[PDB]
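Below: the structure, in structure tokens.
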Amino acid sequence: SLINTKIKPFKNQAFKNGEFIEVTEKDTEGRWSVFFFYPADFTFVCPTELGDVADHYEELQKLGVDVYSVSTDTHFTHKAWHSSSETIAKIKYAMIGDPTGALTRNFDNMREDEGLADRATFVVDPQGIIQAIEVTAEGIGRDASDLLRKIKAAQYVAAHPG
Amino acid sequence: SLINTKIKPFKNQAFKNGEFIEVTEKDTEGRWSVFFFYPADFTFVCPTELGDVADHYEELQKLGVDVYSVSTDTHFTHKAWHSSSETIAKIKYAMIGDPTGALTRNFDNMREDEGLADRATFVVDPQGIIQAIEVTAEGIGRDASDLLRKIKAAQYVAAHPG
Amino acid sequence: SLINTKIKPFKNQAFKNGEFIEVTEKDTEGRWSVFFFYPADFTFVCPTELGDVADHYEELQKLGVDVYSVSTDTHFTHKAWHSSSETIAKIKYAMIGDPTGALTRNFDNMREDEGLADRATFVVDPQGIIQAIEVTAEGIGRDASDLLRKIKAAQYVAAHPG
Amino acid sequence: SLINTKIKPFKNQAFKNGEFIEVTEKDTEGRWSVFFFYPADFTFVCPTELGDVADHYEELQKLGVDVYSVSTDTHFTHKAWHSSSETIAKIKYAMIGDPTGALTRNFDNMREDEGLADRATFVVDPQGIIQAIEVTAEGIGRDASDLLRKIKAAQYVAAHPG
Amino acid sequence: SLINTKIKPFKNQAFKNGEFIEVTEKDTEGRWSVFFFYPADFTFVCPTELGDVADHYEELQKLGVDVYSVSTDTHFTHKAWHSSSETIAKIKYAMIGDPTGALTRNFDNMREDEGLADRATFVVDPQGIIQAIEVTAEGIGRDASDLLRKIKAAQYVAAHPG
Amino acid sequence: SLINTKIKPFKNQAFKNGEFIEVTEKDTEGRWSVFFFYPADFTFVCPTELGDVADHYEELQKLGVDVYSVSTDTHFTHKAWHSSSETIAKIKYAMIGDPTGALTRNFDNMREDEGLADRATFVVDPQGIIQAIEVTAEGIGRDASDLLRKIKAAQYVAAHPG
Amino acid sequence: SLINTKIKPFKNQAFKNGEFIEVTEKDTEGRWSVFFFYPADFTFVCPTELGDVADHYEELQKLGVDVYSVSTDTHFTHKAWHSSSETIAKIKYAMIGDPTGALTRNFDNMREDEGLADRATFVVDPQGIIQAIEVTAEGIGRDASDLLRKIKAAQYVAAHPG
Amino acid sequence: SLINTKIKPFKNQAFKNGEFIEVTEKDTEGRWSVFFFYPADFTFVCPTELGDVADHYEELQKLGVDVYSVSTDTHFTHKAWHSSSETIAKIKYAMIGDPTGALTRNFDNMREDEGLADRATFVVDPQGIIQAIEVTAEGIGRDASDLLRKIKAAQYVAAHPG
Amino acid sequence: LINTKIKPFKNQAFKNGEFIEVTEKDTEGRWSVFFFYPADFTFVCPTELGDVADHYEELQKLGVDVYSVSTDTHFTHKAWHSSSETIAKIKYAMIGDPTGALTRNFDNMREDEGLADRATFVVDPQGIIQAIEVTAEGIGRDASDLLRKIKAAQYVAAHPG
Amino acid sequence: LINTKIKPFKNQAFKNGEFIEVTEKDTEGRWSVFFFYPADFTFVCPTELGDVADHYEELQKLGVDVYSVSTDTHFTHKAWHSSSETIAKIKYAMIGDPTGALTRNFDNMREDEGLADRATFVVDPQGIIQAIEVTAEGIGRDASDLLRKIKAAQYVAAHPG
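Chains as they are written, first to last, in the numbering used here: chain Z, 1 to 162; chain V, 1001 to 1162; chain U, 2001 to 2162; chain A, 3001 to 3162; chain L, 4001 to 4162; chain G, 5001 to 5162; chain X, 6001 to 6162; chain B, 7001 to 7162; chain E, 8001 to 8161; chain C, 9001 to 9161.
Below you can see the structure in the form of structure tokens.
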């Protein structure tokens, strides 16, 4: 699958704490990154998954992990949504917009018939190698705590080969 | 160009004051239709172009003309925008979501670069034949009156062939 | 569509009050241009659409805008029409002949069925980028004022990007 | 070449004595037809060639020959030209318009780089078989009297095989 | 992705509590299934992941869940391993051999250059639809507890749409 | 058409007043040329057409015009015919044999199913440009007088552009 | 090689003692045939070859062997050559004319760059099978007596197989 | 047949008396090699074949003949099988593991629908040429003594050509 | 080609003084050994061919059959059989394959020489290739190892599992 | 193939007791007769081959050369030459063509039999095919008519026009 492969290049606008930033594969370099994809902003689904992440952001920032949530929504939408849902408001990590689906497709995570990304979370090590993958159907939640457990395990393994 | 061609079939989710509805080309047969494409919801630009159309919904509706505004945003976002923006709130016409970009592409009006539609308006007669096309860049705005003048001309030209 | 694309190179014969001239895309570089396509010369329809443009040549010329009307008629016919019709006589802008239909086809505006161009107008900025497209069927006419409004908007949008 | 081959189908609007008629291969059936192509109406070339034909029309109509002059000009133009040049005014035969070049191309007589027909005259017998062909460069005239001489010879041969 | 897609047909031999049986896609029809893939039998990594799952085999069984561990080893090798390791001896669920690697490739889970399946688990509903995916690199264990949670969650979402 | 196009390279053997020579496109460079094609030597049709041209061979010679009669017969056959017929014996111009049929096909003048050239004459200027074409079916003679007229006319138009 | 292959269908005009006839593969069915190809009529080379065959034609006809000399000249030229040469005059067998070159090509015997057939003789049996395929370059003659020997030899082998 | 062809490059892991090693075509260059393929480790069939080869391995090593038994099982399984079977235990030659199936396919010896190699032995000389390609179906055994005879015979022919 | 079914073929050949035709049908319902070699009448020793000769009466009693094959015609085999004493011992069909079709069916052609490689194929009653044996020049085939494979093949056919 | 230049080739063959290699170069600068036949050792009469034998000393005195060809190997030709009395008279090179390349160069292959058709080709010193003669079985080639064509070909080479 995509496991154990290096992420592909990319150029996306995002929303992070009030300001609009731009992101590329360059920023992922040397760092541990988590790409958290979800289908769409402003739906009626519980914004709970993204909240769990936000709730563990401080703990992740401590581990030296960057988080990018991704939807095929424009970064503009992320802004308006970040100031509507009280859950979303808690988000301090970058909220990437992928209206061209290019980032989503780089990760083979596009629901082609919907123009929306699937619920998938990727863990990329400092070298750009995808080390953990998780995808679920609408409705099956992703545990932010299991995500942490794996980020730690990944790093331990990166340092204790064999 | 698409001038004088029949519209390709489609099926998209829409927001029509309160209710989500499914629109297809089947809904357009028999009526005069107007497809008002635009870049995106929740942008910092002026929702003027869309609001103005609402200002004439009275007349248009009188003229047996329906209005389908289209963006590659999901109908979920349209709803959250409709009831979060003054001008957007005036809209009583169906607000189509085209996250797959298929409707947009049938109208050859996609910024493959951004994943957003361009500022374009289409007049479709009851037979589904495009009678008028209008496309402008960011900044040059569309004029609601000019649109109505055309629709009237279009309706008239139909009455007295050649 | 051709919106936001650069015009393809061309070389056609034209009539400009008295003189026959050769126009190319080289003539359009640096200026704002307007390509006014129409079906044919000597038709029993109303030369109104063309005459009106002349009515605004004053201003347009002020705005540093040139006008190239185009039909798949030869420049010979344009001359015989210019000095045989009142309204046509007001024309001080270059009248292009496109008997090969190449210019028309670069603008994807040909009725392959008839060998005549469709009622379409194009606004091209100094870089050769189409900024506004307008196409209507027989009967629905184009409005000279609306055209000027766009050109002004187009010129302005250029001045203060985004 | 095209000699001795049957003409291909066609549908063209024409101008004949004030009224606009339509022509097809059907009308050529059972009759002797002469397709007289020329480049363009309203030029500065001497309209003399078409005049010679007109001058012998009565004599040809007596022989049971139909004449169709053809230019890639619209039948509309033929009308306005028939009432401008005093020579053209003499024309009693149908003046076909071939703005789609389809008729011109059926006879392999299109100057593709110009969108105009070449100076060619074809003689089609009652069965649709091309029996005489003549093409000349701009400037070399066609003798209407030689055309007659050949139409007669054609018919004599049609009746005196071997 | 493979999320929300239907598992493909397959036919493999497996070892299940002392005996050899055949398993196909038809045995999963109507039940919930877990496809647990690992690289190889008899390696030196701790068989903790497969032990975890054995410990919960009763929970999953009460829940109408079938477990299938999969490696590209033969079923003969599984039978043997089931006797070497005390951990592997707890396993009561079916151990599928996949030497042809077809079942593994169906799940796009093959490390092609090693001919071994990656560490990936798939939760499949009674309709053969993949509702959850989990894949990790060597060293990053998979918790049988998190899998149970996700399974209950999937069973819940299938019986409480909203 | 072939009108106004350049003749192609060719190399054939010919009979010219008692001797055999070679003719190529290089012998036409710088001169006016007439390529007179006929179906076959020794048939029963009257050799009037080739006699006509012989009668005017002096006119054409004074005018700087070369005559080349062409058939798909060999040059040996031409030499012989030049003795059978009294008419053919008048011929002083070159008689080209074209058994390979290449010269004939260059002029797109081959009756493929008979392997004989059609009755066609080509007038070529000193630059190798075809200025006049004449083709007739069997029985319809070609007048050497009309050919002279056209030639003078061509020579005139080349030295009096307008 | 064409040895041992069935001759192909053909239809040519020929000159046989006084008049013109049509020969096809049908005429050869049931008989033994000699197809005698030669380059050209009226050349300067003595018709010894054709004459020797002529001398043995009574014998050949006894053996039930039909003869067809072939060249790319027309039957017209054969007639003229026949009634103008001592040797050719003796010929009482059909002289096929092959100006389209099809028959010559059927026997793959064309000198393409000359448009003339090569000096080749083919013996064809009643079933249409080529049994002797003597071919020689210019200058290397053929012997009628040797031809007769081969025909007798072939006729014998057909009577006494193996 | 692969007889008389050079073996292809490969790189596999193997189990050779106690530890794991890497074997490539390089290791075979300059030596005589026996590639002994078999379906699978731990199956129920007695390892008589592998054991007989083991019995004659001292003799084979005298003759300078290297042995590599191969199966699609991993080297891990070979180790476990080796230290768990009387017969397998005797083996002192390298036991190659071919889970990707590449080596097996190199020798076109794969039972594709089973993912297991067929029972085939290949004798390869110092230059890499296959000199004896014994292959048998399941049940049809192989004799080590006969293998030794062939190797001696092959070694002789290399010393005494022709 | 191991475990595949032989293809259809039609060649001329020789068998004890007379000419016959051999097709897959002759192998249909029978057991067979297709023994390919490069060429009749060469300076190389017909050892292999004489070898297979001796066990022929025995193979025949097993309903088993032998067909030697080369790209020489059947006519040449008849000549060789009545000239080389080793070859004269042959009582099995000597197939001629001048078009190379039979040889290529078994993917056993040296394209650069128009000759078949030294290769033995054991085909069961259902036409499946089981005991295949191919060796380079100078490496001999033990008419004894072949027989062992044939009996093994028959035993497995009769006693699966 | 009339009036075309022969192609390059490399085959093994026999010539008076020993083996040699023949290529187009051997024909380069020489005159040649390529005489194809179906097969050595068949029941058909080697009449044609014995025929060409007799004029060989004569052809040789004309710097002319003869190469008989079949898809049999050179080894088989050596056997046939030392077995058939007719064949024993042969002193010209007997080319072996088991791959069929030489035969196919001259477009003279019976693909369905892997054997060359009965066909004679006369090739001049520049390698151009002039006197080509091909006949079906039973129709003989007159070693006399061939010679006549060879001399005619030499005469024309020496005296154009």
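We put the CB at the ideal spot given by N, CA and C, even for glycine.
Self-check item: Proximal residues of chain V, C-beta to C-beta of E114 (chain Z) below 8 Å
Solution: To locate residue 114 (chain Z), count along the first sequence from 1; it is residue 114. Here the neighbours are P1099, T1100.
Exercise. Mind listing the chain U neighbours of residue 988 (chain V)? Cutoff is C-beta to C-beta under 7 Å, in chain order.
Key: The first residue shown for chain V is 1001 and the last is 1162, placing residue 988 (chain V) beyond what the model contains.
Practice problem: Determine, using beta carbons only, whether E59 (chain Z) comes closer than 8 Å to chain L. | Solution: Walking along the first sequence from the start, residue 59 (chain Z) turns up at place 59. It does not: the Cβ of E59 (chain Z) has no partner Cβ on chain L nearer than 8 Å.
Quiz item: Do we get a CB-CB distance below 8 Å when we pair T8071 (chain E) with the residues of chain C?
Solution: Taking the ninth sequence and counting its residues from 1, one reaches residue 8071 (chain E) at position 71. Chain C contact via Cβ: present.
Quiz item: Closest by CA to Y68 (chain Z), which one among Z:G162, Z:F15, Z:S1, Z:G141?
Solution: The count along the first sequence starts at 1 and reaches residue 68 (chain Z) at position 68. Restricting attention to Z:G162, Z:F15, Z:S1, Z:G141, the CA atom closest to the CA of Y68 (chain Z) is found in Z:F15.
Practice problem: Check whether the Cβ of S1 (chain Z) lies closer than 8 Å to any Cβ atom in chain L. | Solution: Position 1 of the first sequence, counted from the start, is the residue given in the question as residue 1 (chain Z). Yes - at least one Cβ of chain L is within 8 Å of the one on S1 (chain Z).
Quiz item: So, helix, strand or coil for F4107 (chain L), using DSSP?
Solution: In the fifth sequence, residue 4107 (chain L) corresponds to position 107, counting from 1. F4107 (chain L) falls in the coil class under three-state DSSP.
Quiz item: Which residues, in chain order, does the stretch 7026-7044 of chain B contribute to contact with chain L at a C-beta distance below 8 Å?
Solution: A7040, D7041, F7042, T7043, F7044
Quiz prompt | CB contact below 8 Å: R6149 (chain X) versus chain C | solution = Your numbering for residue 6149 (chain X) matches position 149 in the seventh sequence. True, the Cβ-Cβ gap to chain C drops below 8 Å.
Practice problem: Specify, as a first and last residue, the run of the beta strand (DSSP E) that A158 (chain Z) falls within. | Solution: In the first sequence, residue 158 (chain Z) corresponds to position 158, counting from 1. Careful: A158 (chain Z) lies outside any beta strand (DSSP E), inside the alpha helix (DSSP H) at 144-159.
Quiz item: For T2100 (chain U), which option in A:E3112, A:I3003, A:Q3061 has the closest C-alpha, if you only look at C-alpha atoms?
Solution: By 1-based counting over the third sequence, the position of residue 2100 (chain U) is 100. Among A:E3112, A:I3003, A:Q3061, the Cα nearest to that of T2100 (chain U) belongs to A:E3112.
Exercise. Say whether chain U places a C-beta atom closer than 8 Å to the C-beta of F3015 (chain A).
Key: On the fourth sequence, residue 3015 (chain A) is found 15 positions in, with the first residue counted as 1. Not closer than 8 Å to any Cβ of chain U, the Cβ of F3015 (chain A) fails to qualify, so no.
Quiz prompt | First through last residue of the beta strand (DSSP E) which encompasses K1011 (chain V) | solution = In the second sequence, counting from the first residue as 1, residue 1011 (chain V) sits at position 11. Here the beta strand (DSSP E) through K1011 (chain V) covers 1011-1016.
Quiz item: Along chain A, which residues have their Cβ under 7 Å away from the Cβ of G5128 (chain G)?
Solution: Residue mapping note: residue 5128 (chain G) aligns to position 128 of the sixth sequence, counting from 1. Those within 7 Å of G5128 (chain G) in chain A number zero; the least Cβ separation is about 13 Å.
Practice problem: Quickly, what does DSSP pair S5071 (chain G) with across the bridge? List them, please. | Solution: As a working mapping, residue 5071 (chain G) is identified with position 71 in the sixth sequence. Per DSSP, G:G5097.
Quiz prompt | Residue nearest to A2137 (chain U) in terms of C-alpha spacing, selected from V:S1033, V:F1076, V:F1036, V:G1162 | solution = For the purposes of this step, residue 2137 (chain U) is taken as residue 137 along the third sequence, with counting starting at 1. In terms of Cα proximity to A2137 (chain U), the closest of V:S1033, V:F1076, V:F1036, V:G1162 is V:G1162.
Self-check item: C-beta neighbour in chain U for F3020 (chain A), strict 8 Å
Solution: Looking up residue 3020 (chain A) in the fourth sequence gives position 20. So, not an interface residue.
Quiz item: Rounded to a whole number of angstroms, what is the C-alpha to C-alpha distance between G3097 (chain A) and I3021 (chain A)?
Solution: Residue mapping note: residue 3097 (chain A) aligns to position 97 of the fourth sequence, counting from 1. Residue mapping note: residue 3021 (chain A) aligns to position 21 of the fourth sequence, counting from 1. Going from the Cα of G3097 (chain A) to the Cα of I3021 (chain A) covers about 11 Å.
Quiz item: Say the cut is 7 Å; is the CB of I3096 (chain A) nearer than that to a heavy atom of the ligand ATP?
Solution: No copy of the ligand ATP appears in this structure; indeed no ligand is present at all.
Practice problem: Pick helix, strand or coil for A6040 (chain X), following the three-state DSSP scheme. | Solution: The sequence position of residue 6040 (chain X) within the seventh sequence is 40, counting from 1. Three-state result, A6040 (chain X): coil.
Self-check item: C-beta contact flag for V5123 (chain G) and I5091 (chain G) at 8 Å
Solution: Residue numbering aside, residue 5123 (chain G) sits at position 123 when the sixth sequence is read from its first letter. Residue numbering aside, residue 5091 (chain G) sits at position 91 when the sixth sequence is read from its first letter. For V5123 (chain G) and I5091 (chain G), no; Cβs fall outside 8 Å.
Self-check item: Extent of the continuous beta strand (DSSP E) to which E8018 (chain E) belongs
Solution: To locate residue 8018 (chain E), count along the ninth sequence from 1; it is residue 18. Counting along the chain, the beta strand (DSSP E) containing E8018 (chain E) begins and ends at 8018-8023.
Practice problem: Take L116 (chain Z) and list the residues in its own chain whose beta-carbon comes closer than 6 Å to its own, dropping the five residues that flank it on each side. | Solution: Working through the first sequence from its first residue, we reach residue 116 (chain Z) at position 116. Once the five neighbours on either side are set aside, the close Cβ partners of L116 (chain Z) are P39, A40, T72.
Exercise. Consult DSSP for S5083 (chain G) and reduce its assignment to one of helix, strand or coil.
Key: Position 83 of the sixth sequence, counted from the start, is the residue given in the question as residue 5083 (chain G). If DSSP states are grouped into helix, strand and coil, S5083 (chain G) belongs with the helices.
Quiz item: Hey, quick one: how far does the beta strand (DSSP E) through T4121 (chain L) stretch, first residue to last?
Solution: Numbered from its first residue, the fifth sequence carries residue 4121 (chain L) at position 121. Where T4121 (chain L) is concerned, the enclosing beta strand (DSSP E) stretches over 4119-4124.
Quiz item: Who are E3134 (chain A)'s beta bridge partners in DSSP?
Solution: On the fourth sequence, position 134 is the one that residue 3134 (chain A) refers to. A:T3121, G:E5134, per the DSSP bridge assignment.
Exercise. Apply the 10 Å Cβ neighbour rule to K6079 (chain X) and answer buried if 16 or more other Cβ atoms are within range, or exposed otherwise.
Key: Mapped onto the seventh sequence, residue 6079 (chain X) falls at position 79. It is buried - the Cβ of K6079 (chain X) has at least 16 other Cβ atoms within 10 Å.
Quiz item: Residues of chain B with CB under 9 Å from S4084 (chain L), in chain order?
Solution: Position 84 of the fifth sequence holds residue 4084 (chain L). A7080, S7084, listed in chain order.
Practice problem: Establish whether the CB of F9009 (chain C) and some CB of chain E are separated by less than 8 Å. | Solution: Walking along the tenth sequence from the start, residue 9009 (chain C) turns up at place 9. Chain E contact via Cβ: absent.
Quiz item: Of all the CB atoms in chain C, is at least one closer than 8 Å to the CB of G6051 (chain X)?
Solution: As a working note, residue 6051 (chain X) is residue 51 in the seventh sequence. Taking Cβ atoms only, chain C never reaches closer than 8 Å to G6051 (chain X), which makes this a no.
Quiz prompt | Per-residue burial, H56 (chain Z) [other beta carbons within 10 Å of its own, 16 or more giving buried] | solution = Taking the first sequence and counting its residues from 1, one reaches residue 56 (chain Z) at position 56. By the neighbour-count rule (16 or more Cβ atoms within 10 Å), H56 (chain Z) is buried.
Quiz item: Quick one: Cα of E3059 (chain A) to Cα of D3052 (chain A), how far?
Solution: The residue labelled residue 3059 (chain A) in the question sits at position 59 within the fourth sequence. The residue labelled residue 3052 (chain A) in the question sits at position 52 within the fourth sequence. Whole-angstrom Cα-Cα distance: 12 Å.
Quiz item: Is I5140 (chain G) close to chain A, meaning its C-beta is less than 8 Å from at least one C-beta of that chain?
Solution: Counted from its first residue, the sixth sequence places residue 5140 (chain G) at position 140. It does: the Cβ of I5140 (chain G) has a partner Cβ on chain A nearer than 8 Å.
Exercise. Under 6 Å Cβ to Cβ from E6134 (chain X), same chain only, skipping five residues before and after it: list those, please.
Key: As a position in the seventh sequence, residue 6134 (chain X) is number 134, starting the count at 1. The residues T6121, in chain order, have a CB closer than 6 Å to that of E6134 (chain X) in the same chain once the five nearest residues on each side in sequence are set aside.
Exercise. Return helix, strand or coil for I5129 (chain G), following the three-state DSSP convention.
Key: The sequence position of residue 5129 (chain G) within the sixth sequence is 129, counting from 1. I5129 (chain G) falls in the strand class under three-state DSSP.
Quiz item: Counting contacts by CB-CB distance shorter than 8 Å, is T5005 (chain G) in contact with chain X?
Solution: Within the sixth sequence, residue 5005 (chain G) is the residue found at index 5, counting from 1. Not one chain X Cβ lies under 8 Å of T5005 (chain G).
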